[PDB]
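First the structure, in the form of structure tokens, and then the observations on it.
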There are 2 protein chains.
Amino acid sequence: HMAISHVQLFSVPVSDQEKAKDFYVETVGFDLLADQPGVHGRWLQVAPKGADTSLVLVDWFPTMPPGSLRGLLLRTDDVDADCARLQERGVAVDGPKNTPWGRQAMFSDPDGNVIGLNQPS
Amino acid sequence: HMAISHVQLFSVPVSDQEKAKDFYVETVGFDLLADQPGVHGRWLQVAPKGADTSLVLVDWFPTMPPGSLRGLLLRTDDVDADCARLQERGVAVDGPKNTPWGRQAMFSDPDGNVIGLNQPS
Ligand SMILES: COC(=O)[C@H](O)[C@@](C)(O)[C@@]12O[C@]13c1cc(O)c4c(c1N[C@H]2C#C/C=C\C#C[C@H]3O)C(=O)c1c(ccc(O)c1O)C4=O
Ligand SMILES: COC(=O)[C@H](O)[C@@](C)(O)[C@@]12O[C@]13c1cc(O)c4c(c1N[C@H]2C#C/C=C\C#C[C@H]3O)C(=O)c1c(ccc(O)c1O)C4=O
């Protein structure tokens, strides 16, 4: 019986990392956990405050070109307010629409990776 | 401040969903959270028991070809016992090795997506 407790982190492919940083931290409001050298380049690691699973903003996997990532869904406690905030902050939002699984919206980062919001029922 | 609490889920590109599911559920030991019809096909969702962030094994994003995903790291309380459990079930493992950020190991799913394991020091 495996001792795996959770996903520590996964990777999002970006091109300009400084730009991605400011987007995920200032615009989307993630916490900046680490920004330092890593083995294949600059390790840039972000997460919603207090979450167990963080995201790494990388540029070193050929198999994941910048902006390729889809099907990422972020849980929020208030999808209307978050959409209002994003729009305020100069991001294009698609939604919020209702769905069988909660109230949802979509937007994209500066490379074109597509991020969902979901507030469950 | 944004009302985003955590990443609800993210996507892992696969070809055969029935193989993938058996791999993640039987080999890697995840719980099966859903196996049901979705928008763009079959919705198949796996997570470590207890965990906030879950994984969807999808086939339908052209920008994420099967087996293309990298830089996924799973947190575990016993990487040594995990690597030996994986090995006895037919999985080629690279590790464990000590790194600055914990004891770490690596393996691929049937499609070639590279999963990491990490037990912190
Ligand atoms: C082909 O797969 C790989 O290159 C690796 O085997 C990985 C993906 O698995 C990997 O070893 C990598 C790796 C590189 C890093 O620079 C770091 C890390 C690292 N672990 C694996 C993970 C990953 C996500 C993108 C990557 C890269 C590898 O270069 C870290 O884990 C790490 C780091 C910093 C603070 C942490 O708390 C931490 O956990 C960190 O800088
Ligand atoms: C069509 O919209 C999109 O392209 C977007 O990618 C999302 C983010 O909006 C996406 O709409 C998708 C989507 C399809 C689904 O079939 C589901 C869902 C779904 N939401 C978004 C999510 C995603 C990850 C891969 C996908 C694709 C879209 O088809 C769900 O969110 C969902 C589902 C089942 C139980 C849940 O608790 C749940 O949250 C579920 O079946």
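Structure notes:
- Sorted from closest to farthest, the other copies place their B:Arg42 label points 4.2 nm away, with each point set 7 Å from Cα along Cα→Cβ.
- Rounded to the nearest Hz, the phi-derived 3J(HN,Hα) couplings of the range A:88-96 under the Karplus curve 6.51 cos²θ - 1.76 cosθ + 1.60 (θ = phi - 60°) are 4, 7, x, 10, 6, 10, 10, x, x, where x marks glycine and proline.
- Projecting 7 Å from Cα along the Cα-to-Cβ direction, the label point of A:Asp31 sits 2.5 nm from its equivalents in the other copies, listed shortest first.
- Count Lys and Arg as plus one, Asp and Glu as minus one, and take only other residues whose Cβ is under 15 Å from that of B:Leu32; the net charge is then -1.
- Alpha-carbon centroids, the range B:6-49 and the range B:88-108: separation in whole Å: 22
- For the peptides B:7-14, A:83-90, the ranking by packing is B:7-14, A:83-90, with the highest mean count of neighbouring Cβ atoms within 10 Å listed first.
- Gyration tensor (alpha-carbon) shape descriptor, the range A:20-61, a/c threshold 1.5: prolate
- Charge sum, other residues only, whose C-beta stays under 14 Å from B:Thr53's C-beta, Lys/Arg counted +1 and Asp/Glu -1: 0
- Of all residues in chain B, the one whose Cβ lies closest to the rotation axis carrying B onto A, together with that distance in whole Å, is B:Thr53, 2.
- Across peptide A:7-19, the average count of Cβ atoms from other chains found within 10 Å of a residue's Cβ is 5.
- Dimensionless Rg ratio for chain B, taking C-alpha atoms and the 2.2 N^0.38 Å reference: 1.09
- The mean count of C-beta atoms from other chains within 10 Å of the C-beta of residues in B:53-65, rounded to a whole number, is 4.
- Computed from label points 7 Å out along Cα-Cβ, the spacing between B:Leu33 and B:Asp77 is 2.0 nm.
- Label zone of A:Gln87 (point 7 Å out along Cα→Cβ, amide N under 19 Å): in the range A:105-121 this covers A:105-109, A:115-119.
- The HN-Hα couplings worked out from phi for the range A:39-52 by the Karplus form 6.51 cos²θ - 1.76 cosθ + 1.60 (θ = phi - 60°) are 5, 9, x, 5, 8, 10, 10, 9, 7, x, 2, x, 7, 6 Hz, whole numbers, x standing for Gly and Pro.
- In nanometers and ordered shortest first, the copy-to-copy spacing of the A:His1 label point, defined 7 Å from Cα toward Cβ, is 3.6.
- Cross-link reach is defined here as a Cα-Cα straight distance under 18 Å, omitting same-chain residues fewer than 8 places apart; for B:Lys49 the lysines meeting it are B:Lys21.
- From phi via Karplus (6.51, -1.76, 1.60), per-residue ³J(HN,Hα) for the range B:9-21 in Hz, x at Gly/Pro: 7, 9, 9, 10, x, 10, 9, 9, 6, 6, 4, 3, 4
In this analysis, Cβ positions are derived from the backbone assuming ideal geometry, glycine residues included, and neighbour counts consider all displayed protein chains. We did not get these values from a lab; they are worked out from the coordinates using the rules stated.
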